[PDB]
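Asker: Sequence below, structure please.
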Amino acid sequence: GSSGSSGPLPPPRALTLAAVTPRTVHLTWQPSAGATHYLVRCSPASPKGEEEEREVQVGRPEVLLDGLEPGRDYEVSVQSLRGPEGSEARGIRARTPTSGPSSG
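Answerer: Numbering: from 1, shown residues only. The coordinates are given below.
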């Protein structure tokens, strides 16, 4: 629990998947105390791919990556940015099902 003081910058720990879509991925975490924004780094869990990792900044602890592939693992690391320095790196293991015809 949070003793109840404004000083340290605790990173996101309450990382949970709000919804699992084979076309998009939605995530939601707990807000940080002090930070003004969060850095979202979307990187592929597999070494296969040309396009490098994506880096965007969101104002809310909830981010949705539109345009994805079914049955593909992703790596999203969230960080509580306040200004000069941010919080520790805390990401979750993305995952999406497979739509269409299922051949065994």
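Asker: List the buried residues in the helix or strand hosting residue 38.
Answerer: Here residue 38 sits within strand 37-44, counting by DSSP states H and E. Across strand 37-44, burial judged by 16 or more other C-beta atoms under 10 Å covers 37-40, 42-44. C-beta: built from backbone N, CA, C; applies to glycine.
Asker: Widest-spaced pair of those?
Answerer: Farthest-apart pair in those is 37 and 44; separation 23.8 Å (C-beta to C-beta).
Asker: Any idea what the most centrally placed residue in the chain is bridged to?
Answerer: In the chain, the residue lying closest to the centroid (C-alpha atoms, centre = their mean) is residue 76, at 3.9 Å. When assigned by DSSP bridges, residue 76 has beta-bridge partners residue 42, residue 92.
Asker: Could you pull up phi and psi at the nearest residue to residue 39 once chain neighbours are set aside?
Answerer: Using C-beta to C-beta, 6 or more residues apart in numbering and skipping residues adjacent in sequence, the residue nearest residue 39 is residue 79, 4.6 Å away. The phi/psi pair for residue 79 (degrees, to the nearest 10) reads phi -140, psi 140.
Asker: which residues touch residue 79?
Answerer: 11, 38-39, 41, 86-90 (C-beta atoms under 8 Å, 6 or more residues apart in numbering).
Asker: for the residues you listed, which one is nearest residue 25?
Answerer: Proximity of these to residue 25 was ranked by C-beta to C-beta; the top entry is residue 41 with 13.7 Å.
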